[PDB]
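What follows is a short report on a single structure.
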Amino acid sequence: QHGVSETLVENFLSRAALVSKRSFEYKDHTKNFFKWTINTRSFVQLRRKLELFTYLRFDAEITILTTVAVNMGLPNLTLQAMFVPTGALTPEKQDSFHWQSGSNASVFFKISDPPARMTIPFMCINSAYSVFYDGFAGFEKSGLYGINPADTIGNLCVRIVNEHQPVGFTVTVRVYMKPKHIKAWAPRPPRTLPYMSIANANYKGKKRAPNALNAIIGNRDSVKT
Amino acid sequence: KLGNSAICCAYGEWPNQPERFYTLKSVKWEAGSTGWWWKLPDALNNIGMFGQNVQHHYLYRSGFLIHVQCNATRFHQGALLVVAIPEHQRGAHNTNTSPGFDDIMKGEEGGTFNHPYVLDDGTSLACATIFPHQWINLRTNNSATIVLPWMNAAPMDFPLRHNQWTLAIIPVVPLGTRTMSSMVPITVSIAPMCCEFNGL
Amino acid sequence: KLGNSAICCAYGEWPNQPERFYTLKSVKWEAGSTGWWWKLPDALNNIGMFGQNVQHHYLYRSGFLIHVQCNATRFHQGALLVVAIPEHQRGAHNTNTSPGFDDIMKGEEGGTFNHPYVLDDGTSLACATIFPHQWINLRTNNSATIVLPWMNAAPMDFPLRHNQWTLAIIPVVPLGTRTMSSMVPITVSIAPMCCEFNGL
Amino acid sequence: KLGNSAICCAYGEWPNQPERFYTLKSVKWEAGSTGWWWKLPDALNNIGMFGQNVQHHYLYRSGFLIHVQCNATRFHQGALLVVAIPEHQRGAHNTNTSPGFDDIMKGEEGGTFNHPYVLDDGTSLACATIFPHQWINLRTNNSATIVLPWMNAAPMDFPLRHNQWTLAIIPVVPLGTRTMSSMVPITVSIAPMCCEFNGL
Amino acid sequence: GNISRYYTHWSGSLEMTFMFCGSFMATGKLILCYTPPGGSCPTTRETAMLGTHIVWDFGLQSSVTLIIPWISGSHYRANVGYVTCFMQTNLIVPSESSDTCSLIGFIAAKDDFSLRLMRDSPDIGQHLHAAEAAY
């Protein structure tokens, strides 16, 4: 990291976090592959930090960590992690033609190797990602609120390249994303109430204080106590 | 004084083409008031020269100059937080459905804060001074003036689909007087700065 | 602003060692009030750093800086004579016995004028402006400030046996308003000047 | 001579704000004596100007100047090791429980070494000369003087929770004379150096 | 308070601001007393003169800045300090004004503030709706 302050927005945010963890089964019968739309809304610890800001500009350092376990010997399997950006077609199946795509950047890695690692660049068409969007996506009234179409990174599709085997093994794909070259604009209040969804900023609050709707800080007896 | 109509900088920014205040309807502030909000440029899309520039062009690029004035006697008390919130994605209370088009695009009339303590988006009103803001303590002053720059990652934008700034006026200390039946008007005047439009 | 605590010269004298205001309890001024008095340094002998310097040393030598402030609205009326009396030997009314130790050494609470018209010593309140004094006419001002020099024939003195100055606050025109039930607080702040002590 | 009270450097260090010796009670040295210890500033926290500075402030920062004097005739013999031990974490004998608050914080009276051969912490008295130390061989001299710097990783510290230095006086050769009933007094005088205090 | 709970060790001066929000003719005096860590929190107005205190006539002013001195934060780990407020006088209002007046308190850090040894915040923590829509 290597600054002086430790409160630099580079230092405050460039910190690798488990953004996605999904096992998928693999067998000789015909999802058998991993697919995840790249966002940060999935885990509330990273989400509240990035929602301190209105606009963020960063590269994304993905690190795919892959373990295998029995349902003798753990097989050495080849995996394909393929970044499908916004505008390109995603694989519907594990054996589809979209895995053979010349233009979708793949990476071919083994379980025996050190974990695969790519840097996804700044994929937005605007000059920053909109963490908060006060608007509607489509030009109709049927558009969704708070979803900027320019804000989507892409999809991270992960499959097992090997042919189907009768053996029973579960492949768990931990995805670690670490922002880089963070520029951040227009700081915001930190969220006090718990999240209800990842699609929006709805709020309910807890039942009692702290972090309740009508009492964010837990009470004391009197003001003079 | 801008144009023919007569009556601080956000983040240290001064925005630099038609070159006046659009005085909105006065809202009436009482003891039971929670707050008021106006989304920009949605509050100005159906009004005047700016409304003719919005409805006939396709992209807008302009800053805003807001004068909030709250006119009361010396026997009134109360404090307002006149705060401008960039990209105020509103949340809905106690549901998973996102707010609709009617809940967000209120027009010239604007809206009312349901839960102003959380700024209607799960954040806090206590930390809402991280935005460009001014206080109207009726003991001390009666007016506020906030300059609003072009707040967008994009170079130009869609006025009918997206509202960059939200002007919020939230009574932190409620309106007080002895006979608690008095009202105090709040008048909002919004002047657009550097009205750039494209796609006639 | 002296020390850590934050909020004219007698005879043309400016007194020249620990170097702050000791805000006494606010007295409450009503229509029936006759006056208040505090003997110095008896009002400060049981208080704070000056009280620790008095009770552990044997001789004192210091001036005083007094700020009397009377905080009222613009609908109150009345005049105070804030007068500092050197060597105010009090007389007792209608008896030949001299006033006792309890009648003179009242401490931080101070005393009340029994007959303020004669200054409680057979003299006159009309001629009491021969002393260092200021007026608080609530029509005009709300505060008074009197510097008090070292007033002694002796070079140093005994704080527990003798009181050089007496700060008196006497309502000449009584407190008035329409509904005659209102009170106006008077707050006295005494800062000692050039606190010289000997005999630890 | 420091202050009003009248009567070598540790590691080559000279510490550089009130600016005197606090003469502790004389301990009495006999043939059966094992040793004495005083933890600093715990020996001085209940005494005088330093005790008023400790009990009214919250952090302390000061060095120490210690004069141990052992006054005897020319027919007495014996050697003392006057040794100052930084961070003398005492151990308890023959148990697993750490020493309590009463076993450590003895105040002005100080303590007595139970097993001075191991310095009461499992180490050795033979190697105790690795600390700042002086010898009092009554054949040769009768006094010792040890300067103690600010010995802390922290910049300032808590006087009521932690004792940086421990002054130990251990008779290595016991007190001797022909009629073995004689006593020799040992007098300890501790003067704090550069008394810095914060948090009044 | 929110940004510092992302860190373990804080150190610096705080800056409290109290704003009086009564009427224009409301008058009175408060006394704001700062108590250093470990000192006794006062109960009477007479006792609270031995520490750092200021007397605030809120007829004259409407705001008061109370600089809290340098604390060094997580060095104590009894309390880390107090700021109390006593009435000095009563509240003097005219008859048309409201007889109840309010104070708003603010706090900011000063320029010597410092945060180090970053952790994750205790405030947020965990269901999320539409969490499996990304898969």
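Here, A, B, ... name the chains of the structure tokens in the order displayed, residue numbers run from 1 inside each chain, and ligands are numbered from 1 in the same displayed order.
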
- Query: Which polymer residues have any atom within 9 Å of an atom of residue 78 of chain B, counting only C-alpha atoms, with same-chain residues fewer than 2 positions away left out, as a ChimeraX atom specification?
  - Reply: /B:76,80,136-139,171-176 /E:21-23,101-102

- Query: Residues at most 10 Å from residue 75 of chain E, counting only C-alpha atoms, excluding those fewer than 4 positions away in the same chain, as a ChimeraX atom specification?
  - Reply: /D:154,157 /E:9-11,71,80

Fit chain C to chain B: least squares, all C-alpha atoms, paired in order; write the output as a PDB file with C-alpha atoms, in the first residue's frame.
ATOM      1  CA  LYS C   1     -29.743  39.608  -9.795  1.00  0.00           C
ATOM      2  CA  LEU C   2     -29.959  37.424 -12.899  1.00  0.00           C
ATOM      3  CA  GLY C   3     -32.073  38.035 -15.988  1.00  0.00           C
ATOM      4  CA  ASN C   4     -35.259  40.026 -15.470  1.00  0.00           C
ATOM      5  CA  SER C   5     -36.499  38.304 -12.306  1.00  0.00           C
ATOM      6  CA  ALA C   6     -35.153  39.884  -9.122  1.00  0.00           C
ATOM      7  CA  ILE C   7     -35.398  38.870  -5.477  1.00  0.00           C
ATOM      8  CA  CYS C   8     -21.705  29.477  -1.041  1.00  0.00           C
ATOM      9  CA  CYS C   9     -19.932  27.311  -3.610  1.00  0.00           C
ATOM     10  CA  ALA C  10     -20.246  23.533  -3.362  1.00  0.00           C
ATOM     11  CA  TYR C  11     -16.815  21.898  -2.886  1.00  0.00           C
ATOM     12  CA  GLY C  12     -15.061  25.078  -4.058  1.00  0.00           C
ATOM     13  CA  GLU C  13     -16.383  24.842  -7.623  1.00  0.00           C
ATOM     14  CA  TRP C  14     -17.633  27.644  -9.879  1.00  0.00           C
ATOM     15  CA  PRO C  15     -19.265  26.568 -13.175  1.00  0.00           C
ATOM     16  CA  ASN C  16     -18.192  28.498 -16.266  1.00  0.00           C
ATOM     17  CA  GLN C  17     -25.901  29.769 -24.081  1.00  0.00           C
ATOM     18  CA  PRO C  18     -28.895  31.518 -22.504  1.00  0.00           C
ATOM     19  CA  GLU C  19     -28.070  33.381 -19.311  1.00  0.00           C
ATOM     20  CA  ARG C  20     -32.765  34.233 -13.840  1.00  0.00           C
ATOM     21  CA  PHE C  21     -34.550  32.844 -10.797  1.00  0.00           C
ATOM     22  CA  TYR C  22     -37.505  30.485 -11.031  1.00  0.00           C
ATOM     23  CA  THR C  23     -39.281  31.175  -7.753  1.00  0.00           C
ATOM     24  CA  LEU C  24     -41.085  27.994  -6.742  1.00  0.00           C
ATOM     25  CA  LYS C  25     -44.295  27.977  -4.730  1.00  0.00           C
ATOM     26  CA  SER C  26     -43.773  28.841  -1.082  1.00  0.00           C
ATOM     27  CA  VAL C  27     -44.061  25.893   1.257  1.00  0.00           C
ATOM     28  CA  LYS C  28     -45.524  26.526   4.684  1.00  0.00           C
ATOM     29  CA  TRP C  29     -43.468  25.501   7.708  1.00  0.00           C
ATOM     30  CA  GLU C  30     -45.262  24.542  10.912  1.00  0.00           C
ATOM     31  CA  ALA C  31     -44.404  22.617  14.061  1.00  0.00           C
ATOM     32  CA  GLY C  32     -45.411  19.256  12.580  1.00  0.00           C
ATOM     33  CA  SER C  33     -43.303  19.623   9.434  1.00  0.00           C
ATOM     34  CA  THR C  34     -40.786  16.912   8.579  1.00  0.00           C
ATOM     35  CA  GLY C  35     -39.101  18.407   5.533  1.00  0.00           C
ATOM     36  CA  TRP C  36     -39.292  19.206   1.849  1.00  0.00           C
ATOM     37  CA  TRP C  37     -37.287  18.108  -1.149  1.00  0.00           C
ATOM     38  CA  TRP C  38     -36.982  19.102  -4.804  1.00  0.00           C
ATOM     39  CA  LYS C  39     -35.076  17.094  -7.391  1.00  0.00           C
ATOM     40  CA  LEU C  40     -33.204  19.066 -10.022  1.00  0.00           C
ATOM     41  CA  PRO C  41     -33.779  19.569 -12.887  1.00  0.00           C
ATOM     42  CA  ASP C  42     -37.124  17.755 -12.389  1.00  0.00           C
ATOM     43  CA  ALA C  43     -38.458  20.761 -10.482  1.00  0.00           C
ATOM     44  CA  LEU C  44     -37.685  22.972 -13.489  1.00  0.00           C
ATOM     45  CA  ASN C  45     -38.513  20.714 -16.456  1.00  0.00           C
ATOM     46  CA  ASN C  46     -42.080  22.016 -16.819  1.00  0.00           C
ATOM     47  CA  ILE C  47     -41.354  25.726 -16.289  1.00  0.00           C
ATOM     48  CA  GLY C  48     -40.546  28.617 -18.566  1.00  0.00           C
ATOM     49  CA  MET C  49     -37.458  29.045 -20.720  1.00  0.00           C
ATOM     50  CA  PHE C  50     -35.675  26.131 -19.048  1.00  0.00           C
ATOM     51  CA  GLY C  51     -38.751  23.964 -19.592  1.00  0.00           C
ATOM     52  CA  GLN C  52     -38.872  24.918 -23.265  1.00  0.00           C
ATOM     53  CA  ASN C  53     -35.160  24.129 -23.513  1.00  0.00           C
ATOM     54  CA  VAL C  54     -35.678  20.742 -21.829  1.00  0.00           C
ATOM     55  CA  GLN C  55     -38.740  19.608 -23.778  1.00  0.00           C
ATOM     56  CA  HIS C  56     -37.260  20.598 -27.169  1.00  0.00           C
ATOM     57  CA  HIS C  57     -33.609  19.563 -26.703  1.00  0.00           C
ATOM     58  CA  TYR C  58     -32.310  16.127 -25.810  1.00  0.00           C
ATOM     59  CA  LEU C  59     -29.301  16.654 -23.509  1.00  0.00           C
ATOM     60  CA  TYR C  60     -28.777  19.196 -20.726  1.00  0.00           C
ATOM     61  CA  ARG C  61     -25.668  20.523 -18.986  1.00  0.00           C
ATOM     62  CA  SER C  62     -26.109  23.231 -16.365  1.00  0.00           C
ATOM     63  CA  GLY C  63     -25.289  24.197 -12.818  1.00  0.00           C
ATOM     64  CA  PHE C  64     -27.741  25.577 -10.295  1.00  0.00           C
ATOM     65  CA  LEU C  65     -27.903  28.577  -7.987  1.00  0.00           C
ATOM     66  CA  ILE C  66     -30.400  28.120  -5.163  1.00  0.00           C
ATOM     67  CA  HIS C  67     -31.658  30.792  -2.780  1.00  0.00           C
ATOM     68  CA  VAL C  68     -33.827  29.510   0.063  1.00  0.00           C
ATOM     69  CA  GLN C  69     -35.401  32.280   2.132  1.00  0.00           C
ATOM     70  CA  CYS C  70     -37.481  31.731   5.252  1.00  0.00           C
ATOM     71  CA  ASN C  71     -39.295  34.892   6.338  1.00  0.00           C
ATOM     72  CA  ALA C  72     -40.389  35.109   9.980  1.00  0.00           C
ATOM     73  CA  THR C  73     -40.665  37.566  12.849  1.00  0.00           C
ATOM     74  CA  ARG C  74     -38.256  37.873  15.774  1.00  0.00           C
ATOM     75  CA  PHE C  75     -40.583  35.831  17.985  1.00  0.00           C
ATOM     76  CA  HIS C  76     -40.213  32.712  15.845  1.00  0.00           C
ATOM     77  CA  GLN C  77     -37.537  30.120  16.499  1.00  0.00           C
ATOM     78  CA  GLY C  78     -36.303  27.036  14.702  1.00  0.00           C
ATOM     79  CA  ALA C  79     -33.441  25.768  12.585  1.00  0.00           C
ATOM     80  CA  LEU C  80     -33.460  24.453   9.032  1.00  0.00           C
ATOM     81  CA  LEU C  81     -30.811  22.355   7.342  1.00  0.00           C
ATOM     82  CA  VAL C  82     -30.856  23.448   3.713  1.00  0.00           C
ATOM     83  CA  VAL C  83     -28.769  20.657   2.209  1.00  0.00           C
ATOM     84  CA  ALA C  84     -28.142  19.737  -1.424  1.00  0.00           C
ATOM     85  CA  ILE C  85     -27.656  16.009  -1.949  1.00  0.00           C
ATOM     86  CA  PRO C  86     -26.003  14.742  -5.151  1.00  0.00           C
ATOM     87  CA  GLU C  87     -27.529  11.544  -6.555  1.00  0.00           C
ATOM     88  CA  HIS C  88     -30.093  11.144  -3.792  1.00  0.00           C
ATOM     89  CA  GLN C  89     -31.260   7.623  -4.497  1.00  0.00           C
ATOM     90  CA  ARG C  90     -34.328   7.458  -2.279  1.00  0.00           C
ATOM     91  CA  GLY C  91     -35.176   4.286  -0.425  1.00  0.00           C
ATOM     92  CA  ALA C  92     -38.676   3.138   0.413  1.00  0.00           C
ATOM     93  CA  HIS C  93     -39.644   2.191   3.943  1.00  0.00           C
ATOM     94  CA  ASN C  94     -40.454  -1.365   5.048  1.00  0.00           C
ATOM     95  CA  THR C  95     -40.555  -2.950   1.589  1.00  0.00           C
ATOM     96  CA  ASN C  96     -38.238  -4.517  -0.969  1.00  0.00           C
ATOM     97  CA  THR C  97     -39.756  -2.794  -4.005  1.00  0.00           C
ATOM     98  CA  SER C  98     -37.833   0.190  -5.353  1.00  0.00           C
ATOM     99  CA  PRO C  99     -39.639   3.562  -5.431  1.00  0.00           C
ATOM    100  CA  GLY C 100     -41.688   4.083  -8.562  1.00  0.00           C
ATOM    101  CA  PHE C 101     -41.699   6.874 -11.090  1.00  0.00           C
ATOM    102  CA  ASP C 102     -44.434   8.711  -9.187  1.00  0.00           C
ATOM    103  CA  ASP C 103     -42.545   8.470  -5.883  1.00  0.00           C
ATOM    104  CA  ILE C 104     -39.426  10.148  -7.315  1.00  0.00           C
ATOM    105  CA  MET C 105     -40.446  12.544 -10.096  1.00  0.00           C
ATOM    106  CA  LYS C 106     -42.716  14.956  -8.212  1.00  0.00           C
ATOM    107  CA  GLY C 107     -42.228  17.993 -10.441  1.00  0.00           C
ATOM    108  CA  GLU C 108     -42.501  21.599  -9.287  1.00  0.00           C
ATOM    109  CA  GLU C 109     -44.443  20.655  -6.157  1.00  0.00           C
ATOM    110  CA  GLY C 110     -41.610  18.520  -4.841  1.00  0.00           C
ATOM    111  CA  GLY C 111     -41.936  16.046  -2.025  1.00  0.00           C
ATOM    112  CA  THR C 112     -41.975  15.661   1.732  1.00  0.00           C
ATOM    113  CA  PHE C 113     -39.528  13.655   3.832  1.00  0.00           C
ATOM    114  CA  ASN C 114     -41.253  10.643   5.344  1.00  0.00           C
ATOM    115  CA  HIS C 115     -38.372   9.810   7.695  1.00  0.00           C
ATOM    116  CA  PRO C 116     -36.054  12.841   7.589  1.00  0.00           C
ATOM    117  CA  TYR C 117     -33.978  11.424  10.447  1.00  0.00           C
ATOM    118  CA  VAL C 118     -32.527   8.867   8.029  1.00  0.00           C
ATOM    119  CA  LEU C 119     -32.774  11.202   4.970  1.00  0.00           C
ATOM    120  CA  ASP C 120     -35.203   8.617   3.460  1.00  0.00           C
ATOM    121  CA  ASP C 121     -32.279   6.457   2.302  1.00  0.00           C
ATOM    122  CA  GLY C 122     -31.092   4.655   5.441  1.00  0.00           C
ATOM    123  CA  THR C 123     -28.210   7.116   5.989  1.00  0.00           C
ATOM    124  CA  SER C 124     -28.207   9.779   8.708  1.00  0.00           C
ATOM    125  CA  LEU C 125     -29.371  13.364   8.950  1.00  0.00           C
ATOM    126  CA  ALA C 126     -26.668  13.956  11.563  1.00  0.00           C
ATOM    127  CA  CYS C 127     -23.941  13.314   8.990  1.00  0.00           C
ATOM    128  CA  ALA C 128     -25.867  15.126   6.225  1.00  0.00           C
ATOM    129  CA  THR C 129     -23.534  18.120   6.612  1.00  0.00           C
ATOM    130  CA  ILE C 130     -20.946  16.232   4.534  1.00  0.00           C
ATOM    131  CA  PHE C 131     -22.888  17.615   1.558  1.00  0.00           C
ATOM    132  CA  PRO C 132     -22.993  21.265   0.525  1.00  0.00           C
ATOM    133  CA  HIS C 133     -25.325  22.770   3.081  1.00  0.00           C
ATOM    134  CA  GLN C 134     -26.286  25.909   4.952  1.00  0.00           C
ATOM    135  CA  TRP C 135     -28.224  26.453   8.172  1.00  0.00           C
ATOM    136  CA  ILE C 136     -31.159  28.788   8.630  1.00  0.00           C
ATOM    137  CA  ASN C 137     -31.319  29.577  12.339  1.00  0.00           C
ATOM    138  CA  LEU C 138     -34.192  32.067  12.555  1.00  0.00           C
ATOM    139  CA  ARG C 139     -32.529  33.543  15.629  1.00  0.00           C
ATOM    140  CA  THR C 140     -29.570  34.447  13.396  1.00  0.00           C
ATOM    141  CA  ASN C 141     -30.366  34.444   9.657  1.00  0.00           C
ATOM    142  CA  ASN C 142     -33.332  33.919   7.364  1.00  0.00           C
ATOM    143  CA  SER C 143     -31.751  32.885   4.064  1.00  0.00           C
ATOM    144  CA  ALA C 144     -29.402  30.368   2.496  1.00  0.00           C
ATOM    145  CA  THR C 145     -27.590  30.253  -0.833  1.00  0.00           C
ATOM    146  CA  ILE C 146     -26.043  27.118  -2.347  1.00  0.00           C
ATOM    147  CA  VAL C 147     -24.173  26.986  -5.656  1.00  0.00           C
ATOM    148  CA  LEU C 148     -24.495  23.608  -7.376  1.00  0.00           C
ATOM    149  CA  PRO C 149     -21.962  22.544 -10.024  1.00  0.00           C
ATOM    150  CA  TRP C 150     -22.405  20.091 -12.840  1.00  0.00           C
ATOM    151  CA  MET C 151     -22.426  16.899 -10.785  1.00  0.00           C
ATOM    152  CA  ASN C 152     -22.082  14.063 -13.258  1.00  0.00           C
ATOM    153  CA  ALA C 153     -19.617  11.427 -14.329  1.00  0.00           C
ATOM    154  CA  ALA C 154     -21.139  11.869 -17.795  1.00  0.00           C
ATOM    155  CA  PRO C 155     -20.424  15.014 -19.846  1.00  0.00           C
ATOM    156  CA  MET C 156     -24.109  15.612 -20.651  1.00  0.00           C
ATOM    157  CA  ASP C 157     -27.192  13.919 -19.347  1.00  0.00           C
ATOM    158  CA  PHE C 158     -30.896  13.204 -19.736  1.00  0.00           C
ATOM    159  CA  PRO C 159     -33.164  15.660 -17.876  1.00  0.00           C
ATOM    160  CA  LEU C 160     -36.296  13.501 -18.046  1.00  0.00           C
ATOM    161  CA  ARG C 161     -34.620  10.326 -16.757  1.00  0.00           C
ATOM    162  CA  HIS C 162     -32.146  11.477 -14.111  1.00  0.00           C
ATOM    163  CA  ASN C 163     -31.927  14.092 -11.355  1.00  0.00           C
ATOM    164  CA  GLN C 164     -28.399  14.992 -10.332  1.00  0.00           C
ATOM    165  CA  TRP C 165     -29.071  17.212  -7.323  1.00  0.00           C
ATOM    166  CA  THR C 166     -31.742  17.065  -4.634  1.00  0.00           C
ATOM    167  CA  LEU C 167     -32.398  20.221  -2.647  1.00  0.00           C
ATOM    168  CA  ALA C 168     -33.589  19.234   0.827  1.00  0.00           C
ATOM    169  CA  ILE C 169     -34.941  21.573   3.514  1.00  0.00           C
ATOM    170  CA  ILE C 170     -35.261  19.792   6.854  1.00  0.00           C
ATOM    171  CA  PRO C 171     -36.413  21.460  10.100  1.00  0.00           C
ATOM    172  CA  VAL C 172     -33.958  20.216  12.720  1.00  0.00           C
ATOM    173  CA  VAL C 173     -35.324  22.375  15.530  1.00  0.00           C
ATOM    174  CA  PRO C 174     -39.088  22.661  14.921  1.00  0.00           C
ATOM    175  CA  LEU C 175     -40.942  25.918  14.501  1.00  0.00           C
ATOM    176  CA  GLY C 176     -41.788  27.442  17.853  1.00  0.00           C
ATOM    177  CA  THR C 177     -43.746  30.371  19.263  1.00  0.00           C
ATOM    178  CA  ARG C 178     -45.993  30.800  22.289  1.00  0.00           C
ATOM    179  CA  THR C 179     -49.393  30.254  20.692  1.00  0.00           C
ATOM    180  CA  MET C 180     -48.381  27.137  18.759  1.00  0.00           C
ATOM    181  CA  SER C 181     -50.488  27.749  15.670  1.00  0.00           C
ATOM    182  CA  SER C 182     -48.103  29.950  13.685  1.00  0.00           C
ATOM    183  CA  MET C 183     -46.739  29.263  10.222  1.00  0.00           C
ATOM    184  CA  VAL C 184     -43.549  30.500   8.553  1.00  0.00           C
ATOM    185  CA  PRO C 185     -43.229  30.479   4.736  1.00  0.00           C
ATOM    186  CA  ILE C 186     -40.149  29.101   3.017  1.00  0.00           C
ATOM    187  CA  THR C 187     -39.493  30.346  -0.513  1.00  0.00           C
ATOM    188  CA  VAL C 188     -37.157  28.516  -2.895  1.00  0.00           C
ATOM    189  CA  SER C 189     -35.649  30.235  -5.939  1.00  0.00           C
ATOM    190  CA  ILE C 190     -33.606  28.188  -8.407  1.00  0.00           C
ATOM    191  CA  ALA C 191     -31.530  29.829 -11.135  1.00  0.00           C
ATOM    192  CA  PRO C 192     -29.790  27.569 -13.673  1.00  0.00           C
ATOM    193  CA  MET C 193     -26.186  28.403 -14.523  1.00  0.00           C
ATOM    194  CA  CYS C 194     -24.647  28.006 -18.015  1.00  0.00           C
ATOM    195  CA  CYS C 195     -27.671  26.452 -19.709  1.00  0.00           C
ATOM    196  CA  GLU C 196     -26.082  24.206 -22.369  1.00  0.00           C
ATOM    197  CA  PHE C 197     -28.494  22.137 -24.480  1.00  0.00           C
ATOM    198  CA  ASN C 198     -28.023  19.876 -27.501  1.00  0.00           C
ATOM    199  CA  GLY C 199     -30.221  18.035 -29.984  1.00  0.00           C
ATOM    200  CA  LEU C 200     -32.929  20.485 -31.064  1.00  0.00           C
TER     201      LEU C 200
END

- Query: Please, which residues of segment 42-79 of chain E, numbered as in this document, come out strand (DSSP E) from DSSP, as a PyMOL selection string?
  - Reply: chain E and resi 52-57+63-68

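Interatomic distance, atom CA of residue 67 of chain A to atom CA of residue 49 of chain A: 28.7 Å.
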
- Item | Neighbours of chain D in chain E at 8 Å, counting only C-alpha atoms, as a ChimeraX atom specification | /E:36-39,51

- For chain E against chain A, which residues fall within 6 Å using only C-alpha atoms, given as number ranges by chain? E: 128-129, 134-135

Expected file contents, prior selection, N, CA, C and O atoms, as a PDB file, in the first residue's frame:
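out21.pdb, written as the output of this step:
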ATOM      1  N   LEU E 128     -30.255 -10.347   2.508  1.00  0.00           N
ATOM      2  CA  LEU E 128     -30.337  -9.428   1.382  1.00  0.00           C
ATOM      3  C   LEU E 128     -31.275  -9.985   0.324  1.00  0.00           C
ATOM      4  O   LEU E 128     -31.103 -11.117  -0.135  1.00  0.00           O
ATOM      5  N   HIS E 129     -32.264  -9.187  -0.059  1.00  0.00           N
ATOM      6  CA  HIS E 129     -33.172  -9.578  -1.119  1.00  0.00           C
ATOM      7  C   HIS E 129     -32.489  -9.403  -2.468  1.00  0.00           C
ATOM      8  O   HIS E 129     -31.637  -8.526  -2.640  1.00  0.00           O
ATOM      9  N   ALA E 134     -27.650 -11.914  -9.083  1.00  0.00           N
ATOM     10  CA  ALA E 134     -26.379 -11.721  -9.767  1.00  0.00           C
ATOM     11  C   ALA E 134     -25.793 -13.026 -10.285  1.00  0.00           C
ATOM     12  O   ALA E 134     -24.868 -12.992 -11.100  1.00  0.00           O
ATOM     13  N   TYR E 135     -26.303 -14.164  -9.830  1.00  0.00           N
ATOM     14  CA  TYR E 135     -25.807 -15.462 -10.255  1.00  0.00           C
ATOM     15  C   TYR E 135     -26.734 -16.092 -11.282  1.00  0.00           C
ATOM     16  O   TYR E 135     -27.952 -16.103 -11.108  1.00  0.00           O
TER      17      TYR E 135
END

- Message: Taking 4 positions as the minimum chain separation for residues in the same chain, which residues sit within 6 Å of residue 33 of chain E when counting only C-alpha atoms? Answer as an NGL selection string.
- Response: :E and (52-53 or 83-84)
